[PDB]
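Only one chain is included here, represented as structure tokens and corresponding to the form deposited in one PDB entry.
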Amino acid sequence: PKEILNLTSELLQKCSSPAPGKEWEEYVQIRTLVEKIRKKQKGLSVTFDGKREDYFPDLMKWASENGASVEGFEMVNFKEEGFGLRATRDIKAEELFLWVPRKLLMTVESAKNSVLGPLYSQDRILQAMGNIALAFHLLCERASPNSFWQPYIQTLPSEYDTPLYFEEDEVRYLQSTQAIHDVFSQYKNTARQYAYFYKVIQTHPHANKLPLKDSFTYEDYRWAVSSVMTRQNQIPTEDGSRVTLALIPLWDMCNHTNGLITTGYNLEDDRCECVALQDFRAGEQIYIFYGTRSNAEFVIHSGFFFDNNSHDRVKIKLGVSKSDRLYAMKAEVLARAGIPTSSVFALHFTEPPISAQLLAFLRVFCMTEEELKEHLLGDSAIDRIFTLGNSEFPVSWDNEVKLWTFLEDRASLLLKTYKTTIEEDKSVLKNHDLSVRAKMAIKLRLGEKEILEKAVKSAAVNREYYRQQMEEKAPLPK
């Protein structure tokens, strides 16, 4: 009791310590503390007597009573994705088959008007971060046995596959990747928030009535933030003025497949509406397309790795150096094109590996002084800036050879900073028997390297292609 207080205070101090070479050691340090607290607590404060599926009939009845679609599908525990919706009749592509009225959602607005409302006005984090407001909304209603939203809360999972639930050795597979630093931040964010709100809830007057004051475990918080990150959605407010974050019951039981977004908010009728992404025959699982997220984002925020994610990408940080003889001119061209002199870009799995904005950056980054002047002076300078991201209008063959040479060298260098090779990773997946979470970790580190390798090959092809145009003295597109 008083020992949990001292433990969380220690946790708050360490997790508020600034960024520290030593990121893995800090992660293991925080982990050791977190696990010490968790092992001294009783797991989830509120648990339900039934199995998860025993509550799906109540969800359907409650949703039906409040105007949601409840016919044409059923809940099924699928091995690959967990629970999901399965069609009980044939559903045709583009059919409006699912709808959920606003009254059923949990939103920041409904959090503010809940028992959490006093604390929400007083606390700066809750007012500034709707995702965290949503998480505590979820916890308070979970502990309120007569909550309007109990039918939804009693059908949520009780654990997730976000990295907050990984073993240390499962995270260890990600050492030397880009992704591990986002795993580190999420762990430290969540530990710091648990410690801070544990203190707040124990002492703040406006929290005295919260059921969390009786019991608020680390398990509770990890559960609530993972529920929110894997399921939250952005929707308009009632008046269409602003956006807010919302949990959307029933429809959020749909699992993910490749495609286009087919879910939208109907403001005139004040409900979420989902049309069929494809034909679903009776007996087929109903999927939606979650969004164009990277596999790092799917693993870290959504808790799964999606094979054949055509939107996969890795980050690359680039910038014009202040030590560049042409820094001022390059900075001005970038500013006129609306591009910063330094930021993080992406390398994409699909061809081409770079976006128009990264192509524009690389062209400027590789420009001679005469080329830069052509982008700053004269009536055509604005037109040149306009086409700076267009692969069909090169500044010059020479500029292209230089930028593609740079990208090939840089992607190759990045590949050399990984602890394992692509072939070693494929051998591990082939010959080791792994947990779901371990396989997520290894497929993520493999995919980072596969994206880089494709960028090396694409850049090599482009460099050679533009070398030939430069040798054949070919004319530039006008």
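Each form is matched to the other, and the largest set of C-alpha atoms that superpose within 1.5 Å is called the rigid core. When you see a residue number, it is the position in the sequence shown, counting from 1.
When the two stretches 32-40 and 439-447 are set side by side, the higher mean Cα temperature factor goes to 32-40. Mean CA temperature factor is higher for 119-127 when stretches 306-314 and 119-127 are set side by side in the entry. Across the options 374, 169, 284, 95, the residue with the most elevated CA B-factor in the record is 374. In this structure the maximum Cα B-factor among 206, 301, 293, 137 is found at 206.
Placement of the Cα temperature factor of residue 191 within the chain: middle third of the modelled residues, per the deposited record.
Looking at the C-alpha B-factors along this chain, the one for residue 52 belongs to the lowest third. Among all modelled residues in its chain, residue 455 ranks in the lowest third by Cα B-factor.
For residue 210, the recorded CA temperature factor ranks within the highest third of the chain's modelled residues. Ranked by Cα temperature factor within the chain, residue 240 sits in the highest third according to the deposited record.
Beyond what is shown, the protein has a form deposited in another entry; the following relates to that form.
The one residue among 146, 77, 380, 113 whose Cα position changes by 2 Å or more between the shown form and the other one, with the core held fixed by superposition, is 380.
After superposing the rigid core, the Cα of residue 431 is displaced by 2 Å or more between the shown form and the other one. Fitting the two forms on the rigid core leaves the C-alpha of residue 260 displaced by at least 2 angstroms between the shown form and the other one. Relative to the superposed core, residue 92 shifts its CA atom by 2 Å or more between the shown form and the other one.
Panel note: the distance between the CA atoms of residue 378 and residue 360 is smaller in that other deposited form than in this form, the difference being 3 Å or more. In that other deposited form, the Cα atoms of residue 260 and residue 458 sit 3 Å or more farther from each other than they do here.
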